[PDB]
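Peer 1: Please find one structure pasted underneath; my questions will follow.
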There are 4 protein chains.
Amino acid sequence: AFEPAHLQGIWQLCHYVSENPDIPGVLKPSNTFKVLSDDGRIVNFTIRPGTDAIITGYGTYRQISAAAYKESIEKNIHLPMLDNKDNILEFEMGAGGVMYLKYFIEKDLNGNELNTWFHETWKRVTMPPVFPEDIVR
Amino acid sequence: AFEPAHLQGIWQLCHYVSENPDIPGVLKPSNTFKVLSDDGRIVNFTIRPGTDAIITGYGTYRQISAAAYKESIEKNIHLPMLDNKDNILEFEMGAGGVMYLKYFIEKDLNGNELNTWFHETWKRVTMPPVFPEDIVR
Amino acid sequence: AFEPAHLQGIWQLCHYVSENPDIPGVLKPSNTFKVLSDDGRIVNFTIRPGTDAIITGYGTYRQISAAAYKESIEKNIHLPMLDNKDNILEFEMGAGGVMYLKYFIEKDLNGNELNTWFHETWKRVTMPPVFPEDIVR
Amino acid sequence: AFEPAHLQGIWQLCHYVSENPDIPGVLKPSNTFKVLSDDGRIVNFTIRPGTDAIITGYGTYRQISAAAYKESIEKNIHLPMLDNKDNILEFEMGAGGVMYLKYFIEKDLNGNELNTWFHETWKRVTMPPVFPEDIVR
């Protein structure tokens, strides 16, 4: 028995950036989005400036404990070793709409031992007060 | 009785672009996305390269006839005259995943006469065969 | 005898954009730059978001009359029929730093008759009052 | 006596990027360009996707030793403490067209102690074999 978390929404992948590799990267929003629907569907897609955005992964999802949810992946071109497999995302909600995710993958695409944790940082997409001027739809 | 159309998906706004305004614009994908969920929710959002993407409109939707669907808008910062109102989108599916939409707006935000048809072109976002090299997630 | 025009600078290519192809496109800045140096060198380059920008053309240039200048092109991957050839750009300076250019090309890459005028719109890149916040260098 | 370095060209600012801040950032090209002309002029400018690019700094430059060059800055909106001042850029040329720069700034804009070294990584912009398909000029 756990309280449902606020997973449903549109989430933007972030990354860490620095002009100097000796200075810790600062968090910046990037080009990938995860849609967690109210009806238990998950889709990841990546924008490609100047051309068509692409779906990179899809399946279903449900929260499984207080601090984790499961994605049941049908196909994933970013991480094809997850095709037709479950992946457990351990999550931590931070400030300003940030969600820190980690997930473990046992084997690589060829079935060899991988046993690695992967980390991602996401930020909830929300509606601002006004539609900005000089924005290109 | 009408058959349900394939509205559900993620749709990318397109525009028509030319270097020379005397030469008909070519269709190119842009920075806005419409999520039409399986459970009747609609969200529009616009990416802003270099910074956070923004939700620009949301509500519910349902198909109302063979060639039209309705968005029941809660809030829309792109078109605030549509807040807490319905908008009927007449649609036509074309080739290559393209959907042409048009909709009429009677009044502007202040209640003055507007009586304008607006036209949009959208393209269904799909999964390609492989995750491309030199893509920035 | 003609007065020298203000050609020297960094110029950004613009294009015409519309969400509705029946509405004349509005002028918007795009991804290509032309550097007209003080010492008579010309270089065109095109940015490719997410990856390396590319030089697309280079050579030398000089003004030849009140309303035209000549580019002496060494190599041009955008218009390879101009390799090791001169091209005369007829120019008209507009408002807000806009420069309208046109040029005639007699033959295509294979030597067949082309006899076509091409039109471009450019805008002078200048320094604003302040470095904007939320800009990504 | 030192041999002249290959400073002249168009240079693209790079940064180091990772999804997971524990994994060393990978070098990626960004949105700023430095034009080092054959006639000793320097201009920095930053592209702003969707809108007008901006000049961020300009002046003159000359190589002063085997491993350093000086920028004599007129105005710089990125680093306004450098207005009407010199800045010495220590440089190292690497592989694949990369140039590493570092420079010291003694005081901040108000004249208080800053005494900071700044590090930048730049990549020479070159002409590829063919003009790519699906590129937006």
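Residue numbers start at 1 in each chain; chains themselves are named A, B, ... in the order of the structure tokens; ligands are numbered from 1 in the order shown.
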Determine which residues of chain A sit within 10 Å of chain C, taking into account only C-alpha atoms, and present them as a ChimeraX atom specification.

Peer 2: /A:19,28,31,48-50,134,136-137

Peer 1: Go ahead and write the selection's residues with C-alpha atoms as a compact mmCIF listing (two decimals), in the first residue's frame.

Peer 2:
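Wrote part_28.txt, looks like this:
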# COMPACT_ATOMS: atom_id res chain seq x y z
CA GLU A 19 31.92 24.88 -21.42
CA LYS A 28 19.72 22.20 -19.04
CA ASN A 31 15.27 17.33 -26.94
CA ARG A 48 15.31 16.59 -34.48
CA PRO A 49 15.55 20.30 -35.29
CA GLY A 50 14.82 21.04 -38.88
CA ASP A 134 9.18 35.77 -30.77
CA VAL A 136 8.20 29.98 -33.33
CA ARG A 137 5.38 27.44 -33.14

Peer 1: If you superpose chain A onto chain B over the full set of Cα atoms in sequence order, what number do you get for the RMSD in Å?

Peer 2: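 After least-squares fitting, the two copies differ by 0.2 Å C-alpha RMSD.
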
Peer 1: Which residues are near residue A:86? Cut-off 12 Å, only C-alpha atoms, ignore same chain within fewer than 2 positions. Put them as a VMD selection string.

Peer 2: chain A and resid 58 to 62 69 to 76 81 to 84 88 to 89 103 to 106

Peer 1: Go ahead and compute the interatomic distance for atom CA of residue C:96 and atom CA of residue A:135, in Å to one decimal.

Peer 2: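 One can read the atom CA of residue C:96 to atom CA of residue A:135 distance as 19.2 Å.
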
Peer 1: When DSSP works through the backbone of this structure, what residues of chain B end up as strand (DSSP E or B), shown as a compact mmCIF listing (two decimals) with N, CA and C atoms, in the first residue's frame?

Peer 2:
# COMPACT_ATOMS: atom_id res chain seq x y z
N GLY B 9 -2.61 9.68 -31.15
CA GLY B 9 -1.19 9.73 -31.49
C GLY B 9 -0.55 11.02 -31.04
N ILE B 10 0.70 11.19 -31.47
CA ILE B 10 1.46 12.38 -31.29
C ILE B 10 1.70 13.03 -32.65
N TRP B 11 1.34 14.31 -32.77
CA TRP B 11 1.30 15.04 -34.03
C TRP B 11 2.22 16.25 -33.93
N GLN B 12 3.01 16.45 -34.97
CA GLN B 12 3.93 17.56 -35.08
C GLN B 12 3.42 18.63 -36.06
N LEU B 13 3.33 19.84 -35.58
CA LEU B 13 2.91 20.96 -36.40
C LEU B 13 3.95 21.21 -37.50
N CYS B 14 3.45 21.47 -38.68
CA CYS B 14 4.25 21.82 -39.82
C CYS B 14 3.92 23.20 -40.33
N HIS B 15 4.81 23.73 -41.16
CA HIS B 15 4.59 25.00 -41.78
C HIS B 15 5.16 24.94 -43.21
N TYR B 16 4.89 25.97 -43.98
CA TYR B 16 5.30 26.05 -45.36
C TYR B 16 6.37 27.13 -45.51
N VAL B 17 7.50 26.73 -46.05
CA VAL B 17 8.70 27.56 -46.02
C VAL B 17 9.34 27.74 -47.39
N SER B 18 9.75 28.96 -47.75
CA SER B 18 10.50 29.21 -48.99
C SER B 18 11.48 30.35 -48.80
N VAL B 26 7.38 24.93 -49.12
CA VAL B 26 7.50 23.50 -48.97
C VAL B 26 7.16 23.13 -47.56
N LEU B 27 6.45 22.01 -47.40
CA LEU B 27 6.07 21.57 -46.03
C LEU B 27 7.27 21.13 -45.21
N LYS B 28 7.41 21.72 -44.04
CA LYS B 28 8.53 21.40 -43.10
C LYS B 28 7.99 21.28 -41.68
N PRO B 29 8.54 20.32 -40.90
CA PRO B 29 8.08 20.13 -39.51
C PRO B 29 8.61 21.25 -38.62
N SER B 30 7.82 21.63 -37.62
CA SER B 30 8.18 22.71 -36.74
C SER B 30 8.24 22.26 -35.28
N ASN B 31 7.89 23.15 -34.34
CA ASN B 31 8.25 22.96 -32.93
C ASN B 31 7.11 22.70 -31.99
N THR B 32 5.92 22.46 -32.51
CA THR B 32 4.74 22.27 -31.70
C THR B 32 4.21 20.85 -31.88
N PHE B 33 3.71 20.27 -30.79
CA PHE B 33 3.21 18.93 -30.77
C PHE B 33 1.81 18.88 -30.13
N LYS B 34 0.97 18.00 -30.66
CA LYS B 34 -0.35 17.78 -30.14
C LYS B 34 -0.41 16.32 -29.76
N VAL B 35 -0.73 16.06 -28.49
CA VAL B 35 -0.92 14.69 -28.00
C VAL B 35 -2.42 14.45 -27.90
N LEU B 36 -2.91 13.51 -28.69
CA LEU B 36 -4.32 13.08 -28.67
C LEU B 36 -4.32 11.70 -28.03
N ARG B 41 -7.95 12.87 -23.91
CA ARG B 41 -7.26 14.09 -23.53
C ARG B 41 -6.42 14.67 -24.67
N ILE B 42 -6.40 16.00 -24.71
CA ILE B 42 -5.61 16.75 -25.70
C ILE B 42 -4.70 17.71 -24.98
N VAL B 43 -3.43 17.70 -25.40
CA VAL B 43 -2.46 18.69 -24.93
C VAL B 43 -1.65 19.16 -26.11
N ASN B 44 -1.49 20.47 -26.25
CA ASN B 44 -0.58 21.08 -27.19
C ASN B 44 0.63 21.61 -26.39
N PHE B 45 1.85 21.44 -26.92
CA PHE B 45 3.04 22.02 -26.29
C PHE B 45 4.06 22.42 -27.36
N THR B 46 4.87 23.41 -27.05
CA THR B 46 5.83 23.99 -27.97
C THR B 46 7.20 23.92 -27.37
N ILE B 47 8.14 23.38 -28.14
CA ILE B 47 9.48 23.33 -27.68
C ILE B 47 10.14 24.72 -27.96
N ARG B 48 11.09 25.06 -27.11
CA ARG B 48 11.83 26.34 -27.16
C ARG B 48 13.30 25.98 -27.08
N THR B 51 15.87 26.03 -24.02
CA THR B 51 15.23 26.25 -22.77
C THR B 51 14.02 25.33 -22.63
N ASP B 52 13.24 25.54 -21.58
CA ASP B 52 12.08 24.63 -21.30
C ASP B 52 10.97 24.73 -22.30
N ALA B 53 10.46 23.57 -22.74
CA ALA B 53 9.29 23.53 -23.52
C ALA B 53 8.10 24.00 -22.63
N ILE B 54 7.00 24.40 -23.29
CA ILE B 54 5.84 24.94 -22.64
C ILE B 54 4.54 24.31 -23.14
N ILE B 55 3.65 23.99 -22.19
CA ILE B 55 2.29 23.59 -22.53
C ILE B 55 1.56 24.87 -23.02
N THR B 56 0.92 24.80 -24.17
CA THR B 56 0.19 25.95 -24.71
C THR B 56 -1.34 25.77 -24.70
N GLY B 57 -1.84 24.55 -24.54
CA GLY B 57 -3.27 24.31 -24.51
C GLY B 57 -3.58 22.93 -24.03
N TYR B 58 -4.71 22.76 -23.33
CA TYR B 58 -5.13 21.46 -22.94
C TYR B 58 -6.62 21.37 -22.72
N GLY B 59 -7.12 20.13 -22.73
CA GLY B 59 -8.53 19.84 -22.47
C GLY B 59 -8.87 18.41 -22.85
N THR B 60 -10.10 18.17 -23.32
CA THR B 60 -10.51 16.86 -23.79
C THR B 60 -10.93 16.97 -25.26
N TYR B 61 -11.10 15.84 -25.92
CA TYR B 61 -11.48 15.81 -27.32
C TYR B 61 -12.31 14.58 -27.62
N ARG B 62 -13.15 14.70 -28.60
CA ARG B 62 -13.84 13.54 -29.12
C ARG B 62 -14.24 13.84 -30.59
N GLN B 63 -14.26 12.78 -31.38
CA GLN B 63 -14.71 12.85 -32.76
C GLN B 63 -16.18 13.01 -32.79
N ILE B 64 -16.67 13.89 -33.66
CA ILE B 64 -18.13 14.18 -33.67
C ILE B 64 -18.82 13.80 -34.96
N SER B 65 -18.06 13.63 -36.02
CA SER B 65 -18.60 13.22 -37.28
C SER B 65 -17.49 12.62 -38.09
N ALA B 68 -14.89 15.58 -38.61
CA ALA B 68 -14.58 16.60 -37.62
C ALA B 68 -14.45 16.03 -36.21
N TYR B 69 -13.59 16.67 -35.40
CA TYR B 69 -13.54 16.38 -34.00
C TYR B 69 -13.61 17.67 -33.20
N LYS B 70 -13.99 17.56 -31.94
CA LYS B 70 -14.14 18.73 -31.08
C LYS B 70 -13.12 18.71 -29.99
N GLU B 71 -12.49 19.86 -29.73
CA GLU B 71 -11.64 20.01 -28.53
C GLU B 71 -12.40 20.84 -27.54
N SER B 72 -12.55 20.31 -26.34
CA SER B 72 -13.17 21.02 -25.25
C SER B 72 -12.01 21.58 -24.43
N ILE B 73 -11.72 22.86 -24.65
CA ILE B 73 -10.51 23.49 -24.12
C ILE B 73 -10.72 24.00 -22.69
N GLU B 74 -9.79 23.63 -21.80
CA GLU B 74 -9.78 24.26 -20.47
C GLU B 74 -9.04 25.58 -20.52
N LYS B 75 -7.78 25.54 -20.92
CA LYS B 75 -6.98 26.75 -21.07
C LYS B 75 -6.04 26.64 -22.26
N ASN B 76 -5.90 27.77 -22.95
CA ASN B 76 -5.09 27.86 -24.12
C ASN B 76 -4.43 29.24 -24.13
N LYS B 85 -14.09 26.78 -23.62
CA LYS B 85 -14.97 26.77 -24.81
C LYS B 85 -14.64 25.56 -25.66
N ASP B 86 -15.60 25.21 -26.51
CA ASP B 86 -15.34 24.20 -27.55
C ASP B 86 -14.84 24.80 -28.88
N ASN B 87 -14.09 24.01 -29.59
CA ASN B 87 -13.61 24.34 -30.92
C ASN B 87 -13.74 23.12 -31.78
N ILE B 88 -14.39 23.27 -32.92
CA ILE B 88 -14.57 22.16 -33.85
C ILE B 88 -13.47 22.19 -34.91
N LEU B 89 -12.69 21.11 -35.00
CA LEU B 89 -11.59 20.96 -35.97
C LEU B 89 -12.05 20.05 -37.10
N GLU B 90 -12.20 20.61 -38.31
CA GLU B 90 -12.52 19.84 -39.47
C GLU B 90 -11.21 19.27 -39.92
N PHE B 91 -11.17 17.95 -40.18
CA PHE B 91 -9.91 17.29 -40.53
C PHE B 91 -9.96 16.48 -41.80
N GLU B 92 -8.81 16.40 -42.45
CA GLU B 92 -8.66 15.62 -43.65
C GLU B 92 -7.29 14.90 -43.53
N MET B 93 -7.28 13.58 -43.69
CA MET B 93 -6.00 12.85 -43.61
C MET B 93 -5.42 12.80 -44.99
N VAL B 98 0.22 12.97 -42.87
CA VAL B 98 -0.23 14.37 -42.75
C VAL B 98 -1.71 14.46 -42.45
N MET B 99 -2.07 15.39 -41.58
CA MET B 99 -3.48 15.69 -41.24
C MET B 99 -3.67 17.17 -41.38
N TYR B 100 -4.62 17.57 -42.20
CA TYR B 100 -4.97 19.01 -42.38
C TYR B 100 -6.14 19.34 -41.49
N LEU B 101 -6.05 20.43 -40.72
CA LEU B 101 -7.09 20.84 -39.78
C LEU B 101 -7.51 22.25 -40.13
N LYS B 102 -8.79 22.53 -39.93
CA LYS B 102 -9.24 23.93 -39.97
C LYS B 102 -10.32 24.14 -38.94
N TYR B 103 -10.37 25.35 -38.39
CA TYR B 103 -11.33 25.67 -37.37
C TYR B 103 -11.68 27.16 -37.43
N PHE B 104 -12.91 27.43 -37.05
CA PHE B 104 -13.49 28.78 -37.08
C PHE B 104 -13.51 29.37 -35.67
N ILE B 105 -13.17 30.65 -35.55
CA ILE B 105 -13.34 31.36 -34.27
C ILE B 105 -14.23 32.60 -34.48
N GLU B 106 -15.36 32.66 -33.77
CA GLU B 106 -16.35 33.72 -33.96
C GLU B 106 -15.91 35.08 -33.43
N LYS B 107 -15.44 35.09 -32.19
CA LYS B 107 -15.07 36.31 -31.50
C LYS B 107 -13.67 36.28 -30.97
N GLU B 113 -16.07 41.03 -33.08
CA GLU B 113 -16.21 40.13 -34.22
C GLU B 113 -14.84 39.75 -34.78
N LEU B 114 -14.61 38.45 -34.97
CA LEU B 114 -13.38 37.96 -35.58
C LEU B 114 -13.75 37.13 -36.80
N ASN B 115 -14.61 36.14 -36.60
CA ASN B 115 -15.15 35.35 -37.71
C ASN B 115 -14.09 34.93 -38.72
N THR B 116 -13.09 34.25 -38.20
CA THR B 116 -11.93 33.81 -39.00
C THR B 116 -11.74 32.30 -38.97
N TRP B 117 -11.45 31.74 -40.15
CA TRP B 117 -11.02 30.34 -40.28
C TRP B 117 -9.52 30.28 -40.15
N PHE B 118 -9.01 29.33 -39.38
CA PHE B 118 -7.59 29.10 -39.20
C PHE B 118 -7.23 27.71 -39.75
N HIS B 119 -6.08 27.59 -40.43
CA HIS B 119 -5.69 26.36 -41.09
C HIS B 119 -4.37 25.92 -40.52
N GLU B 120 -4.27 24.62 -40.24
CA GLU B 120 -3.04 24.03 -39.71
C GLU B 120 -2.77 22.73 -40.43
N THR B 121 -1.49 22.38 -40.50
CA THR B 121 -1.06 21.12 -41.12
C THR B 121 -0.22 20.41 -40.05
N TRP B 122 -0.54 19.13 -39.77
CA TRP B 122 0.13 18.34 -38.75
C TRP B 122 0.65 17.06 -39.39
N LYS B 123 1.72 16.47 -38.82
CA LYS B 123 2.24 15.19 -39.31
C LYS B 123 2.38 14.18 -38.14
N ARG B 124 1.92 12.96 -38.35
CA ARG B 124 2.00 11.95 -37.29
C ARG B 124 3.45 11.63 -37.04
